[PDB]
Amino acid sequence: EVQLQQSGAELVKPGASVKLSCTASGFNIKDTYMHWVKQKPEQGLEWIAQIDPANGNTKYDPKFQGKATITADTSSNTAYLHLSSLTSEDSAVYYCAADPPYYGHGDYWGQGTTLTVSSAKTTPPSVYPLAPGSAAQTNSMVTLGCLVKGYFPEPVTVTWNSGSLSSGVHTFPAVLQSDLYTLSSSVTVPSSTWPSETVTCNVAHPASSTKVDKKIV
Amino acid sequence: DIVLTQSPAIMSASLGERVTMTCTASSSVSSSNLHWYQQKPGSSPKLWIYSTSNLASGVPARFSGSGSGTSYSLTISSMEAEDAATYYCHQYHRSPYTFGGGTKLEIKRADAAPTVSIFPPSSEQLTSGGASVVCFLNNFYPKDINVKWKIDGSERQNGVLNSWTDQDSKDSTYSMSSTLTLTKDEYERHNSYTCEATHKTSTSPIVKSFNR
Ligand SMILES: C[N+]1(CCc2ccc(NC(=O)CCCC(=O)O)cc2)CCCCC1
């Protein structure tokens with residue numbers, strides 16, 4: 001399988017720098033052109049730099065004026081992207097891409113490397129249960145939720161009863177409110193499975209290593 | 001910097017319908033150096049059409065491409081559910097190489113009103129020293145909707161944060177969540193909390209609230 005393998009997710013503080021790597025297998029990078037493309041959260045695509053591994057020649061979009069440095073090592077079949085003076089506008093997914101290495105096929109893109117630049121510290125999410133107030137009126141069906149607030153960094157893992165409920169579930173995209181993320185989830189079940197059968201909310205934070213379960217009552 | 005402009009920005013096509021989107025460049029580029037990419041949330045952009053009119057490996061024959069100079073387009077003879085995505089045109093003609101702003105293709109379905117549900121701050125949360133009021137508006141169509149928070153007859157604008165989900169894979173509907181976050185006191189210091197959702201499915205708004 002011809003493929004481009006990129007280094008892992010990056011979490012850096014502003015002012016710092018970070019070097020991303022991309023290793024090709026299936027072809028020699030010296031026989032094509034290697035690039036790095038950037039995609040900001042829920043945004044578009046931007047080409048950053050290009051390099052010819054055969055002679056080390058590079059091309060840069062003037063906007064990444066000497067903040068981005070592209071290099072390549074034919075011996076390890078690897079291309080790199082160095083980014084200095086990291087700011088939040090630098091947070092994004094970075095893809096390395098190869099021009100078609102062989103006649104008969106298209107280009108090659110890596111899995112992407114997510115870079116997050118924040119000053120925030122690791123903070124566990126606080127999970128709160130969302131259940132109907134005193135009275136209730138819907139018949140046949142009911143909706144319950146969960147509030148995951150003030151956590152960093154992404155992501156959090158929410159499931160209802162360990163994957164038991166995989167229908168009628170709505171876990172919304174987190175939101176950044178002053179360096180911290182907050183998200184909420186809802187699920188709907190027939191009023192015949194609740195409140196008799198327990199419905200649980202399981203939110204886990206990979207970073208702070210927190211695992212909390214919120215029972216909807 | 002050859003700028004590429006894609007029209008339309010967003011669009012919906014009922015199943016089986018014919019679709020067409022355009023890409024226009026600030027200056028002319030070779031038709032051989034103009035390509036289109038398809039991207040779905042969470043994965044890398046994938047080559048869809050290369051050199052203006054050629055289909056990439058595995059791309060369905062219902063797709064086509066055409067153009068030269070500064071005007072190009074992508075077409076789907078018949079809309080199918082898996083066509084739903086964001087398509088970007090790209091010029092690899094002169095550097096800096098650029099991409100268009102993209103065209104998001106969504107699925108058109110029969111309108112459906114929003115199922116609203118509001119919730120008050122948990123004591124767990126209240127004792128922590130804060131108060132968040134949440135309101136879900138689930139499974140509706142189209143995506144167009146407005147949400148208002150009326151804290152004691154005096155709409156609260158600031159402190160509200162929303163989040164929308166992508167078009168649902170099963171029913172092709174949308175959903176939204178609004179969260180009003182006040183402080184400890186601010187919340188109990190009032191007692192009328194309302195979530196008002198106005199959706200094109202009905203003139204009469206949908207309201208939900210609670211007291212204390
Ligand atoms: C890496 N790339 C590749 C541009 C490009 C794409 C495709 C082709 N050529 C083909 O795809 C031919 C495919 C042949 C086939 O599928 O039969 C040439 C350049 C240029 C820099 C920015 C990111 C995209």
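When a ligand or atom number is given, it counts from 1 through the structure's own listing order. Order of the sequence lines fixes the chain letters, A, B, ..., with proteins taken first and strands second; residue numbering starts at 1 for each chain. We use all heavy atoms of the structure for the numbers below, so side chains are in, but hydrogens, waters and symmetry mates are not.
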Can B:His199 and B:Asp111 be counted as having a side-chain donor-acceptor contact under 3.5 angstrom?
-> no
Counting both backbone and side chain atoms, is some N or O of B:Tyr50 under 3.5 Å from an N or O of ligand 1?
-> yes
Against heavy atoms of A:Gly106, which atoms of ligand 1 measure under 4.0 Å?
-> 11 (O), 13 (C), 16 (O)
Among all protein heavy atoms, pick the one closest to atom 1 (C) of ligand 1 and tell me residue, atom and distance.
-> A:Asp99 OD1, 3.5 Å
Taking the six-membered ring for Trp, are the ring centroids of B:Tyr88 and B:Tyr37 within less than 6.0 Å of each other?
-> no
With heavy atoms and a 4.0 Å threshold, my read on which part of B:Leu47 contacts ligand 1 is side chain
For A:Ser185 and A:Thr171, does a side-chain donor sit closer than 3.5 Å to a side-chain acceptor?
-> yes
Evaluate whether atom OH of A:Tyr33 has more than 12 neighbouring non-hydrogen atoms of other residues, nucleotides or ligands under 6.0 angstrom away.
-> no
For this output row, return yes or no: ring centroids of B:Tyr50 and B:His35 closer than 6.0 angstrom.
-> no
Write out the residue and atom name of the closest protein heavy atom to atom 3 (C) of ligand 1, then the distance separating them to 0.1 Å.
-> A:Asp107 OD2, 3.4 Å
Who's the nearest protein heavy-atom neighbour of atom 13 (C) of ligand 1, and how far?
-> A:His105 O, 3.3 Å
Side chains of B:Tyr174 and B:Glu106: do they bring a donor and an acceptor to under 3.5 Å?
-> yes
State the atoms of ligand 1, each with its element, that fall below the 4.0 Å cut-off from a heavy-atom position in B:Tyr37.
-> 3 (C), 4 (C), 6 (C), 24 (C)
Show me the side-chain donor-acceptor pairs of residues 13-25 of chain A shorter than 3.5 Å, one per line, residues at least two apart or across chains.
from, atom 1, to, atom 2, distance (Å)
A:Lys13, NZ, A:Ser119, O, 3.1
A:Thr23, OG1, A:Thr78, OG1, 2.8
A:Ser25, OG, A:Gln3, O, 3.4

Looking at atom 22 (C) of ligand 1, what's its closest protein heavy atom, distance included?
-> B:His90 NE2, 3.7 Å
Minimum non-hydrogen distance to atom 23 (C) of ligand 1, winning option of A:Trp109, A:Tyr108, A:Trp36, B:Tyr92 | A:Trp109
Counting from 1, what ligand 1 atoms have a heavy atom of A:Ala97 closer than 4.0 Å?
-> 1 (C)
Note the single closest protein heavy atom to atom 10 (C) of ligand 1, along with its residue, its atom name and the distance in Å.
-> A:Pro100 CG, 3.6 Å
Qualifying residues under salt bridge (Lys or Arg N to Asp or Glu O under 4.0 Å), relative to B:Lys104, sequence neighbours excluded = B:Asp166
How far is atom 5 (C) of ligand 1 from its nearest protein heavy atom, and which residue and atom is that?
-> B:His35 NE2, 3.7 Å
